[PDB]
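First, one chain by itself in structure tokens, the form deposited in one PDB entry.
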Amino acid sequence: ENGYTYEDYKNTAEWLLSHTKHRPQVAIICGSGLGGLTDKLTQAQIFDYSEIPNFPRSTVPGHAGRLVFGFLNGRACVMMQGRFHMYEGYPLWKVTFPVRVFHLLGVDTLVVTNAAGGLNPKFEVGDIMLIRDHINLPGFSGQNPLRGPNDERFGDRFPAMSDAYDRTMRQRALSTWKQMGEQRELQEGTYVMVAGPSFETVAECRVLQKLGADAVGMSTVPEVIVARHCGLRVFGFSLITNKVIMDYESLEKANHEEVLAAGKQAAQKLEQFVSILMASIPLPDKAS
């Protein structure tokens, strides 16, 4: 985990402990425009990234740069509003530092969210996709958050990712959606991480499509991965904010204004979802 040491994590976890009365169980990292979830907490105790000991700040635009503590629909969460991306300069051991601290803080579940582009045509903007799998492109080329000496206090050298996106939690998600009897089904498919801040070209989109991806994005994977390394339960969704183009002869392209998505009903649609889903995450009590 180059950069930080165990004790850096300990010292930050502890600092958090002795500065909040909350002992979170589920850590939620909100993607673009889905940070409204913070609103729904209770007994909320906000923490500015910067105020915490070794916490990677979030540049100057880190307006939504805070770690909120509270209770949501039954569980004592800890939310990350506004995360770190590879594309902004953060080496991956800064991007994923939270996940290690959430672990030592006591977390045992991580529900990671993000807005992503739509590659699967069956997807339509506004859609919500269940990450059943991911393709760690940067990781293939060495951009893996576990590069460097491994700490057997955190996990194994070679953790398997075959499993990562918890199966049961996916049943429960498919099901909770149906319970809400929602208009439009809870999409499910493979999520592909691509770093670059620029948006995919039509030649790029096509390789991802053949590659098996369904939604493309620029984060999540580093947090998914290091969480699993820790032994955290993991599941997540993607807010399809825009359909990804294809050559032939187009007329559109892709813009961030499409973030209107991340804020429109869609946003707060996933928020209700994520809220109700708190009721389907097992307690540490090993419930019986």
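One rule holds for the numbers: they count along the sequence shown, beginning at 1. Residues that one form lacks are left out of the comparison. Between two forms, the rigid core is the largest collection of C-alphas that superpose within 1.5 Å.
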If you average the Cα B factors in the entry, which is higher, 158-166 or 89-97? 158-166
If you average the Cα B factors in the entry, which is higher, 129-137 or 142-150? 129-137
Just to confirm, going by the entry's C-alpha B-factors, which of 227, 30, 261, 52 comes out highest? 261
Highest CA B factor of 220, 242, 238, 58, as deposited, is found at 58
Taking the values exactly as deposited, rank residue 175 by C-alpha B-factor within its chain and report the matching third: lowest, middle or highest. highest
Assigned third (lowest, middle, highest) for the C-alpha B factor of residue 186: highest
Taking the entry's C-alpha B-factors for this chain, is residue 118 in the lowest, middle or highest third? lowest
Lowest, middle or highest third of the chain for the C-alpha temperature factor of residue 68? middle
Report the third (lowest, middle or highest) to which the CA temperature factor of residue 46 belongs, ranking only the modelled residues of the same chain. middle
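Another form exists, deposited in another entry; not displayed. Remarks below refer to it.
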Core-aligned between the shown form and the other one, the sole member of 68, 225, 37, 262 showing a Cα shift of 2 Å or more is 262
CA of residue 250, rigid core aligned, shift of 2 Å or more between the shown form and the other one: yes
In the other form the CA atoms of residue 33 and residue 253, compared with here and shifted by at least 3 Å, lie closer
Compared with this form, is the residue 33-residue 257 Cα separation smaller or larger in the other form, the difference being 3 Å or more? closer
In sequence order, what are the runs of at least 3 consecutive residues whose C-alphas shift by 2 Å or more between the shown form and the other one once the core is aligned? 247-263
